[PDB]
Each structure stands twice: as C-alpha cells, then as structure tokens.
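# Coordinate inspection notes
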Amino acid sequence: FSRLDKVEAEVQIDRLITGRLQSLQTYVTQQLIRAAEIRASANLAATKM
Amino acid sequence: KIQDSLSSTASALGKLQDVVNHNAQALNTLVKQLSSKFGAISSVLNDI
C-alpha cells in the first residue's frame, strides 16, 4: 500500500492472500491424513487393551 | 424393554445422522461457495 495505488496493489495482495490460503489448506490436509492414521492406531491399541 | 429404550431418547442414532448431515452440509457449502468473486468483477460469467 505504501508505494502504489490501490487499484493495482489490490491484485497483488489478492495473489498473496490466495497463496497463503492454499498453504493453509495443504497443512490442514496433511493434518487430516495424520489424524486418520492415528485413529487407526488408537483403535488397534484399544483392542489390545 | 429395548424397543422403548431406543425411542425414549433421541441421541441413540447419532452416527447415521452425523453421516447424512455431513454429506448435506458439504453439498450446501459447495453450492454456496460459487457466489464468491475471487477478486474478480462479479460472480456471474455472462455479465463479465
């Protein structure tokens, strides 16, 4: 914002926010996979117990 | 006794209700999610 007009800089900040959002999505997908694996392991442990 | 025990409360059938609610909620989110602009002029193609 500090150096350019709004009309053009808003496109760049939209690019940045989209990239950050996609990175967050990737993180959450990895978390889902890990949680599913951990749930399987927890069920196995419950059966063991 | 089990017959009346099933219908006495309402949380006994939680899992199947959760499944169907999850499916419906996913569908509704998907159909509503197309109203966004994604930093464009409008969400309707024909006017664009």
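Method-wise, the PDB entry is recorded as coming from cryo-EM, at a reported resolution of 3.5 Å.

### Remarks on the overall build of chain A
Counting secondary structure elements, chain A contains 1 helix and 0 strands. Its C-alpha atoms give chain A principal-axis dimensions of about 65 × 15 × 10 Å. For chain A, with 49 residues in total, the buried portion stands at 2%. Carbon and sulfur atoms provide 62% of the accessible area of chain A, an area that totals close to 4800 Å². The positive charge centre, built from 7 side chains, and the negative charge centre, built from 5, are 14 Å apart in chain A.

### Considering the overall build of chain B
Helices and strands together make up the secondary structure of chain B, namely 2 helices and 0 strands. With the C-alpha coordinates aligned to their principal axes, the bounding extent of chain B is approximately 65 × 15 × 10 Å. In chain B, buried positions account for 0% of the 48 residues.

### As for a nonpolar patch on the surface
Residues and elements named next belong to chain A. On the surface, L21, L24, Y27, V28 and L32 cluster together into a nonpolar patch covering about 500 Å² of accessible area. Take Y27: it is sitting in helix α1 (residues 6-48). A residue is classified by how much of its surface remains accessible, and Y27, at 48% relative accessible area, is partly exposed.

### Topic: the environment of B:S42
Position of B:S42 relative to the elements: it lies in the segment after α2 (14-32). With residues near it in sequence (within four places) discarded, B:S42 still touches B:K37 and B:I48.

Conventions used here
Residues numbered from 1 in each chain as written, not as in the entry; some residues may be left out. Chains lettered and ligands numbered in written order. Part of a larger assembly, values for the part shown. Heavy atoms only, no water. Helix = DSSP H or I, 4+ residues; strand = E, 2+ residues; numbered from the N terminus. Buried < 20%, exposed > 50% of the residue type's maximum accessible area, 1.4 Å probe, protein only. Areas by Shrake-Rupley, 256 points an atom, 1.4 Å probe, with all protein chains shown as cover. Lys, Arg positive; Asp, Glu negative; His and termini not counted. Charge placed at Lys NZ, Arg CZ, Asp CG, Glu CD. Patch = residues over 30% accessible without salt bridge, like charges linked within 9 Å, V, L, I, M, F, W, Y side chains within 5 Å. Salt bridge = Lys/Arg side-chain N within 4 Å of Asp/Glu carboxyl O. Contact = heavy atoms within 4.5 Å.

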